[PDB]
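There are 2 protein chains.
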Amino acid sequence: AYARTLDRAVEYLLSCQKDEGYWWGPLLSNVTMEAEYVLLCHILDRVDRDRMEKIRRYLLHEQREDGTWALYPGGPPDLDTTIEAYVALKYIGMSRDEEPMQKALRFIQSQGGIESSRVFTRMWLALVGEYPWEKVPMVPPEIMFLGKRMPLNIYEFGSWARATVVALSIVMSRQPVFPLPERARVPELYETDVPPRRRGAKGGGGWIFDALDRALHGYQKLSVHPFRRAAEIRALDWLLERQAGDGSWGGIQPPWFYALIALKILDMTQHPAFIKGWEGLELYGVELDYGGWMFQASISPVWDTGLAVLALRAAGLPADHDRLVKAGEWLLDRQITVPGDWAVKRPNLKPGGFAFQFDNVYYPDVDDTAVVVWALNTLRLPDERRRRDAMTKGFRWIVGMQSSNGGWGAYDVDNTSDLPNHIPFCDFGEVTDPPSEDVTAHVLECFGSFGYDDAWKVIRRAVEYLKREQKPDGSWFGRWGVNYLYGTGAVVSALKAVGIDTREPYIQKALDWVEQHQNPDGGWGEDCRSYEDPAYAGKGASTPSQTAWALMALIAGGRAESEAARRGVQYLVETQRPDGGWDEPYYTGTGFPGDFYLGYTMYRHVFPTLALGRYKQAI
Amino acid sequence: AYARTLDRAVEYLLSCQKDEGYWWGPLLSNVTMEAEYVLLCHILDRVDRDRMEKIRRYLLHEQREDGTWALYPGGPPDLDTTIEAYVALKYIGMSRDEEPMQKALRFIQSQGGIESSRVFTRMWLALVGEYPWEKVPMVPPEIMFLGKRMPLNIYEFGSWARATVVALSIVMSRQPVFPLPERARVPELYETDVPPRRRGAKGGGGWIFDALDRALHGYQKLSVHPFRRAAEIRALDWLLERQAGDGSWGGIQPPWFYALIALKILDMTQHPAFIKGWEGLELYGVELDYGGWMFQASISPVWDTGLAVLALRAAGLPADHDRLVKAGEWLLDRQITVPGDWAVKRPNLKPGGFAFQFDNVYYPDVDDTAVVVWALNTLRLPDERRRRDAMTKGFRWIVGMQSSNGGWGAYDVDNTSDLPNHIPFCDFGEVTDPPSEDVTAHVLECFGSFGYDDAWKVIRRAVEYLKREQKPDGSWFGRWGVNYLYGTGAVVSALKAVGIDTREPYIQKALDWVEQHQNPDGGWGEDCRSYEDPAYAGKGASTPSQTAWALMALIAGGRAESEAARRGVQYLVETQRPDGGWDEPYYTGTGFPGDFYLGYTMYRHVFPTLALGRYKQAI
Ligand SMILES: C=CCN(C)CCCCCCOc1ccc2c(-c3ccc(Br)cc3)coc2c1
Ligand SMILES: C=CCN(C)CCCCCCOc1ccc2c(-c3ccc(Br)cc3)coc2c1
Ligand SMILES: CCCCCCCCOCCOCCOCCOCCO
Ligand SMILES: CCCCCCCCOCCOCCOCCOCCO
């Protein structure tokens with residue numbers, strides 16, 4: 010029945026593998042990357058007419074009928090995103106009249122204008138001089154002086170926020186302005202009557218931070234700020250030290266862009282770090298066939314390759330397949346062997362993790378490290394010596410990274426401070442990196458492949474963690490994947506791997522929940538709205554990926570021979586394309602619950618293959 | 010008569026000009042660059058068999074009949090140089106028997122072995138584990154803590170020493186060892202009876218420093234050194250901030266190599282700066298036609314271009330000659346506009362100088378800046394706006410760089426501290442950058458071209474300086490050129506340009522001295538020995554360059570219609586080659602009086618052309 014489906018999928022994936030041996034699908038996000046790029050280019054005075062053109066086509070192509078852009082396909086119009094896409098287009102050339110410009114503009118206004126947008130958006134505008142700097146939450150260079158164990162020192166923030174903050178303190182310190190030509194001025198973003206409905210800090214705003222901020226803008230005005238020179242240089246140095254090998258900073262769009270703006274501010278455009286930072290950008294861009302151009306929020310080579318391998322193995326290929334070997338060898342060369350920021354809380358921990366992108370040594374993550382080590386574990390590479398050793402180093406690093414609550418975070422250990430969530434600046438996405446059910450789950454399944462079970466105290470503390478986090482209806486949240494279907498699939502699959510008993514009440518209470526959400530069409534789906542409003546948990550148009558996740562939960566829970574089970578396998582077998590792949594016009598990846606979603610291009614092909622491989626296994 | 014010589018020199022120079030518009034002859038030094046390269050490669054575990062081969066050819070090619078190598082062609086055998094060339098060859102493959110290895114080994118031994126070599130040499134050996142680190146003068150990371158106005162803070166050293174020290178403190182801090190394979194071990198360098206005649210600090214050693222060194226070696230042994238981690242990071246940061254655009258540090262071989270070793274030490278080979286540092290190296294290498302390969306101590310593009318222009322103009326070409334315009338435009342794009350280390354002593358001075366190499370913004374020098382600004386002054390470029398502007402910024406920067414005594418140093422203002430000259434480490438070349446007669450002279454001739462004269466207080470203080478420095482016999486020392494002929498030519502030419510009266514006693518006393526040294530052949534020459542022993546001042550085989558310098562002195566002093574004058578012009582006319590160039594198997598450039606000499610490849614062609622142009626002018 011499905012056997013042909015699997016064979017078509019296996020050969021499809023294999024054709025997607027690059028020559029070097031890895032897989033790498035693009036990462037989709039939203040138009041703020043490209044819009045911010047255009048502004049970045051203006052700031053750096055490096056505008057390429059031809060590129061601007063490709064970016065316009067893309068911006069438009071992404072606008073919907075109503076004239077707005079969203080955070081995810083088929084999602085509500087987003088104001089920040091739309092405001093930025095708007096300014097970008099006006100800069101590139103479009104007059105405020107044009108049909109597209111008109112719709113967007115009115116959407117923007119009906120929302121309360123620019124005054125209703127997030128900090129970043131108003132800040133970007135502040136940079137080109139279309140918004141007052143005084144109204145932008147202040148992050149001072151001096152933050153650089155807080156010690157390792159002090160409130161709000163840069164290590165209390167999550168890895169992604171940390172670098173962005175450091176980079177920004179240099180910029181906010183100078184509050185620079187790079188004027189837009191008159192043609193692109195956007196005063197009309199203020200022309201509205203609607204009350205400006207302002208978004209506040211992620212966790213709530215104590216009047217302290219509010220006062221403190223007012224203080225800082227006050228202090229900004231003084232004619233002299235002692236030790237500020239040093240605070241700046243501390244920040245600059247912090248950055249020079251961590252620049253990734255591709256020229257980026259963290260391998261993510263924000264800090265990278267800001268770090269470049271900061272360098273420009275410090276007259277360092279003639280410096281190596283800048284040059285390398287600037288030209289590294291091309292590697293993240295993507296030429297779209299319809300003549301457009303997009304910029305990736307980040308890149309997922311390692312991750313893509315790790316999963317690809319696991320799926321192809323579960324599907325049936327030999328642990329020594331000359332093609333999976335290319336992958337294994339490649340993965341071995343990726344292992345990070347030097348201390349990263351994680352070592353501030355684990356100085357005696359030997360380096361052994363892996364990063365998400367190609368070359369980003371200071372920020373390996375537990376998720377990638379667990380998937381890579383595990384996928385390696387399932388292979389037979391020529392140099393069993395290195396495979397043995399690498400797995401070992403990786404294994405140890407993971408174990409050492411476990412947090413207090415028994416669960417793993419992504420980049421740090423106990424990065425659970427609640428302080429940062431209340432600052433006036435932090436009104437967008439996550440700002441700290443606490444442990445999550447999905448990473449913890451993946452870690453568990455990794456150990457599981459080795460044998461380690463419930464006996465080992467490590468695994469026990471984790472399961473304890475998971476049990477305490479389970480939801481009333483039996484589901485598990487999805488921090489990095491959309492959403493409860495992602496988490497629940499991850500957890501149950503994990504628990505099953507570490508020997509727990511699938512028959513337990515809480516396990517069954519989950520397996521039921523899965524079955525109860527199956528869509529009429531035989532597959533499963535969960536819209537991104539499920540982060541915003543609970544009515545959507547387990548609800549949404551079916552996707553190949555989310556179906557594969559729900560299936561894994563079932564197959565792990567013994568219900569592989571169920572109705573819902575076979576029904577789902579039907580859905581995957583049917584919807585498969587003639588080439589062997591699948592389609593997925595929806596995002597199933599999570600950047601930040603509620604604020605940033607991602608489209609993992611390979612998911613639609615890898616998870617179905619993985620779930621089908623595990624089904625063929627249960628028979 | 011000479012006119013044909015002049016036309017042949019002109020067309021020759023023009024044929025040497027690169028397409029971009031500049032001139033760039035290689036800079037010759039000695040084999041320690043290549044020998045140290047080989048060791049650097051071994052340390053960085055990046056040995057390329059083919060390159061080693063080209064290097065071996067070169068090293069032998071440079072060895073003399075006695076089996077030794079020297080600091081300059083036709084110079085005495087140098088121990089340090091020979092010891093390093095020796096180890097290099099043994100590493101590359103040659104067995105200690107071979108004719109060459111034999112001769113060298115006995116020379117080295119007859120000198121007292123390795124114990125008689127400079128700090129650097131023993132240090133390099135310490136790095137590959139063939140010499141004890143305890144016996145190597147110590148330079149601690151903590152030096153990084155000394156303030157701007159404290160004894161021995163890094164800004165009391167000359168620019169070149171400064172970066173080398175900073176880079177080295179990280180290395181000496183870890184006292185790393187990268188073992189040589191048994192084949193290349195060199196114990197035989199100890200096998201000698203001759204008493205080790207040790208070289209001491211350049212200025213004598215106070216028992217204090219000796220004590221201090223012994224202290225620092227003991228401190229090294231302790232199990233804990235508080236704040237050392239920081240000193241290291243202060244150093245690394247100091248380094249990361251100043252990396253030049255080509256990946257070098259300062260555009261000179263020493264700090265560059267050391268900075269790379271330090272990053273290797275700090276597990277930063279995967280960092281941008283390291284990679285940029287490593288690949289930048291190729292730009293300094295040179296393929297020799299006989300299959301050898303050499304590495305330049307530094308590169309002289311700007312300098313070469315600046316002089317080339319002045320010579321071609323003095324020769325006759327139109328101030329708007331399209332070929333001289335390519336040069337002018339190119340020179341304008343070179344001007345440094347950001348603060349360098351010089352700003353520590355001149356914070357309110359607007360950037361406007363030029364560097365010696367292509368891209369080295371933090372270290373412009375007064376010599377290049379005076380020659381470039383002056384050459385620009387003699388051209389009519391399309392964008393008179395920028396030429397007017399560049400000259401002014403440059404001019405002002407020079408004026409602002411003037412030191413206390415009224416003369417100019419090369420990179421800093423009053424870098425005259427005598428302290429650094431007494432440390433156990435500083436036993437090679439210059440370590441501070443005090444004002445010199447030749448740079449001062451060039452600066453003067455630069456102002457002269459604008460019309461400024463003896464009336465202006467700045468020029469007066471300089472002439473005062475020069476007069477006070479003149480030698481008893483009427484000659485002027487040559488800090489950056491070999492030697493009294495170079496200086497005297499520079500000063501008299503300068504004084505003549507700022508309006509001083511050539512008839513004065515001291516001027517005549519010099520012009521006489523010049524005539525007094527003319528060789529039987531009609532030209533002038535001065536061997537590099539003239540730094541070591543005074544009997545050689547103004548004596549040596551005639552060279553096209555030194556003849557040209559003596560000529561300029563005469564032509565500036567009015568004796569252009571003299572015997573010695575016409576006689577000299579004959580020499581240049583006769584010895585010219587058919588293509589229009591000249592030959593010069595001797596070095597006429599000075600790195601450090603007594604310790605490091607340079608072969609400026611373009612000198613032989615540019616100065617004769619410049620002197621002949623000024624002769625044709627005096628008629
Ligand atoms: C399933 C597993 C995935 N894991 C391997 C983790 C790697 C996926 C994360 C890639 C998302 O890239 C980003 C990261 C941060 C941002 C931000 C941002 C927002 C607020 C602050 Br303050 C700082 C940064 C914006 O876009 C991003 C994209
Ligand atoms: C006419 C004008 C030339 N001027 C424009 C000045 C530029 C020429 C200098 C190039 C010489 O390059 C170097 C510099 C330093 C060293 C060292 C060294 C010795 C001791 C310490 Br402590 C540190 C470095 C060795 O070789 C060099 C070559
Ligand atoms: C250079 C001194 C050595 C200090 C590094 C040891 C690391 C100690 O853990 C602190 C964590 O700091 C994170 C550093 O990674 C960034 C790059 O720093 C470069 C070289 O150390
Ligand atoms: C970050 C504030 C800028 C402070 C430096 C300007 C002050 C003058 O320089 C003092 C000495 O440093 C000179 C060296 O230039 C090297 C790199 O500095 C680059 C970024 O500041």
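Residue numbers (the authors' numbering), protein chains in the order written: chain A, 10 to 628; chain B, 10 to 628. No residue lacks a Cβ here, since even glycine has one placed at the ideal position from N, Cα and C.
Short Cβ contact (8 Å threshold) for residue 438 of chain A with residue 605 of chain A: The sequence position of residue 438 of chain A within the first sequence is 429, counting from 1. The sequence position of residue 605 of chain A within the first sequence is 596, counting from 1. Closer than 8 Å, so yes.
I'd like to know whether the C-beta atoms of residue 504 of chain B and residue 472 of chain B end up nearer to each other than 8 Å. Walking along the second sequence from the start, residue 504 of chain B turns up at place 495. Walking along the second sequence from the start, residue 472 of chain B turns up at place 463. Cβ distance < 8 Å, so residue 504 of chain B and residue 472 of chain B count as in contact.
Measure the C-alpha to C-alpha separation of residue 618 of chain A and residue 387 of chain A and round it to an integer number of angstroms. Here residue 618 of chain A refers to the residue found at position 609 when the first sequence is read from its first residue. Here residue 387 of chain A refers to the residue found at position 378 when the first sequence is read from its first residue. Here the alpha carbon of residue 618 of chain A sits roughly 16 Å from the alpha carbon of residue 387 of chain A.
Pair within 8 Å by beta-carbon distance, residue 350 of chain A and residue 364 of chain A: In the first sequence, counting from the first residue as 1, residue 350 of chain A sits at position 341. In the first sequence, counting from the first residue as 1, residue 364 of chain A sits at position 355. Using a Cβ distance threshold of 8 Å, residue 350 of chain A and residue 364 of chain A do not count as a contacting pair.
Contacting positions in the segment 238–249 of chain A - beta carbon closer than 7 Å to chain B: Hits within the stretch, in order: 246, 249.
7 Å CB neighbourhood of residue 411 of chain B in its chain, flanking five on each side removed: The count along the second sequence starts at 1 and reaches residue 411 of chain B at position 402. 417, 467, listed in sequence order.
When the Cα of residue 172 of chain B is compared with those of B/529, B/422, B/11, B/248, which residue comes out closest? Residue numbering aside, residue 172 of chain B sits at position 163 when the second sequence is read from its first letter. With distances taken between Cα atoms, residue 172 of chain B lies closest to B/248.
Just reading off the alpha helix (DSSP H) that residue 606 of chain A is part of, what are its end residues? For the purposes of this step, residue 606 of chain A is identified with residue 597 of the first sequence, where counting begins at 1. Careful: residue 606 of chain A lies outside any alpha helix (DSSP H), inside the beta strand (DSSP E) at 605–609.
With a threshold of 8 Å, are at least 3 pairs of Cβ atoms found where one atom belongs to the segment 194–202 of chain B and the other to the segment 117–129 of chain B? Cβ pair count under 8 Å is three or more, so yes.
Buried or exposed by the 16-neighbour rule on C-beta atoms within 10 Å, applied to residue 293 of chain B: On the second sequence, position 284 is the one that residue 293 of chain B refers to. Label assigned to residue 293 of chain B: buried.
Does residue 440 of chain B get closer than 8 Å to chain A when you measure Cβ to Cβ? Mapped onto the second sequence, residue 440 of chain B falls at position 431. Under the Cβ criterion of 8 Å, residue 440 of chain B is not counted among the residues facing chain A.
Check whether residue 574 of chain B and residue 568 of chain B have beta carbons under 8 Å apart: As a working mapping, residue 574 of chain B is identified with position 565 in the second sequence. As a working mapping, residue 568 of chain B is identified with position 559 in the second sequence. The criterion of a C-beta distance shorter than 8 Å is satisfied by residue 574 of chain B and residue 568 of chain B.
In this structure, how does DSSP classify residue 384 of chain A when only helix, strand and coil are distinguished? Within the first sequence, numbered from 1, the residue matching residue 384 of chain A stands at position 375. In the structure shown, residue 384 of chain A sits in a helix (DSSP, three-state: H, G or I).
At which residues does the beta strand (DSSP E) containing residue 302 of chain B begin and terminate? In the second sequence, residue 302 of chain B corresponds to position 293, counting from 1. It spans 302–304 - the beta strand (DSSP E) in which residue 302 of chain B sits, taken as one unbroken run.
Less than 8 Å between the beta carbons of residue 453 of chain B and residue 14 of chain B, yes or no? Against the second sequence, residue 453 of chain B aligns to sequence position 444. Against the second sequence, residue 14 of chain B aligns to sequence position 5. Result no, Cβ atoms of residue 453 of chain B and residue 14 of chain B do not sit closer than 8 Å.
Using a C-beta to C-beta distance shorter than 7 Å, which residues of chain B count as neighbours of residue 282 of chain A? As a position in the first sequence, residue 282 of chain A is number 273, starting the count at 1. Under the 7 Å cutoff, chain B gives 281.
Beta-carbon proximity list for residue 404 of chain A, same chain, < 7 Å, skipping 5 on both sides: The residue given as residue 404 of chain A occupies position 395 in the first sequence. Scanning its chain for C-beta atoms nearer than 7 Å, with the 5 sequence neighbours on each side dropped, one finds around residue 404 of chain A the residues 382, in chain order.
Against residue 408 of chain B, what residues of chain A qualify as contacts under a CB-to-CB distance less than 8 Å, listed in chain order? What you label residue 408 of chain B is simply residue 399 of the second sequence in a count that begins at 1. Going along chain A, no residue has its Cβ under 8 Å from residue 408 of chain B, so there is no contact; the nearest lies around 23 Å.
Should residue 540 of chain B be labelled buried (16 or more other beta-carbon atoms within 10 Å of its own) or exposed? Taking the first residue of the second sequence as 1, we reach residue 540 of chain B at position 531. Buried: at least 16 other Cβ atoms inside 10 Å.
Where residue 549 of chain B meets chain A, residues with beta-carbon distance less than 7 Å: Looking up residue 549 of chain B in the second sequence gives position 540. Those do not exist, as residue 549 of chain B stays about 42 Å from chain A at its closest Cβ, beyond 7 Å.
Euclidean distance between Cα positions of residue 47 of chain A and residue 449 of chain A: By 1-based counting over the first sequence, the position of residue 47 of chain A is 38. By 1-based counting over the first sequence, the position of residue 449 of chain A is 440. So the two alpha carbons sit approximately 38 Å from each other.
Sub-8 Å separation of residue 269 of chain A and residue 53 of chain A beta-carbons: On the first sequence, position 260 is the one that residue 269 of chain A refers to. On the first sequence, position 44 is the one that residue 53 of chain A refers to. Going by C-beta atoms, residue 269 of chain A is nearer than 8 Å to residue 53 of chain A.
Which residues, in order along the segment 367–381 of chain A, keep a beta-carbon less than 8 Å from a beta-carbon of chain B? If the cut-off is 8 Å between Cβ atoms, the segment 367–381 of chain A has 368, 370 near chain B.
Report whether the distance from the Cβ of residue 537 of chain B to the nearest heavy atom of ligand 2 is below 7 Å. Numbered from its first residue, the second sequence carries residue 537 of chain B at position 528. Not one heavy atom of ligand 2 falls within 7 Å of the beta-carbon of residue 537 of chain B.
Tell me, please, whether the CB atom of residue 233 of chain B is closer than 8 Å to any CB atom in chain A? Mapped onto the second sequence, residue 233 of chain B falls at position 224. Chain A contact via Cβ: absent.
Within this structure, are the beta carbons of residue 451 of chain A and residue 499 of chain A separated by less than 8 Å? Within the first sequence, numbered from 1, the residue matching residue 451 of chain A stands at position 442. Within the first sequence, numbered from 1, the residue matching residue 499 of chain A stands at position 490. Yes, Cβ-Cβ distance for residue 451 of chain A and residue 499 of chain A is below 8 Å.
Please report the Cβ distance between residue 428 of chain A and residue 446 of chain A, rounded to the nearest whole angstrom; I am assuming they are in contact, meaning their Cβ atoms lie under 8 Å. Position 419 of the first sequence, counted from the first residue, corresponds to residue 428 of chain A. Position 437 of the first sequence, counted from the first residue, corresponds to residue 446 of chain A. That belief does not hold up - the Cβ atoms of residue 428 of chain A and residue 446 of chain A are roughly 23 Å apart, past 8 Å.
Does the beta carbon of residue 404 of chain B fall short of 7 Å from some heavy atom of ligand 2? Taking the second sequence and counting its residues from 1, the one referred to as residue 404 of chain B is at position 395. Outside the cutoff, so no.
Partners in chain A for residue 285 of chain B, counting only beta-carbon separations shorter than 7 Å: Numbered from 1 along the second sequence, position 276 holds the residue referred to as residue 285 of chain B. Simply 281, 285.
To the nearest whole angstrom, what separates the beta carbons of residue 366 of chain B and residue 286 of chain B, a pair I think is in contact under 8 Å? Working through the second sequence from its first residue, we reach residue 366 of chain B at position 357. Working through the second sequence from its first residue, we reach residue 286 of chain B at position 277. Incorrect: roughly 15 Å between the Cβ atoms, too far for contact.
DSSP three-state assignment for residue 401 of chain A, whether helix, strand or coil: Along the first sequence, read from residue 1 onward, the residue named residue 401 of chain A stands at position 392. Helix.
The alpha helix (DSSP H) spanning residue 266 of chain B covers which residue range? Translated into positions along the second sequence, residue 266 of chain B becomes position 257. Note, residue 266 of chain B: alpha helix (DSSP H), 262–274.
Three-state class that DSSP yields for residue 3 of chain A in the structure shown: No answer is possible for residue 3 of chain A: the residues shown for chain A start at 10 and end at 628.
Taking the alpha helix (DSSP H) that residue 296 of chain B belongs to, which residues open and close that run? As a position in the second sequence, residue 296 of chain B is number 287, starting the count at 1. Note, residue 296 of chain B: premise wrong, no alpha helix (DSSP H); beta strand (DSSP E) at 294–296.
Just tell me which of B/523, B/465, B/458, B/510 has its CA closest to the CA of residue 480 of chain B. As a working note, residue 480 of chain B is residue 471 in the second sequence. Distances from the CA of residue 480 of chain B to each of B/523, B/465, B/458, B/510 were compared; the closest alpha carbon is that of B/523.
With hydrogens ignored, establish whether the beta-carbon of residue 351 of chain A is closer than 7 Å to any heavy atom of ligand 1. If you number the first sequence from 1, residue 351 of chain A lands on position 342. The nearest non-hydrogen atom of ligand 1 is 7 Å or more from the C-beta of residue 351 of chain A.
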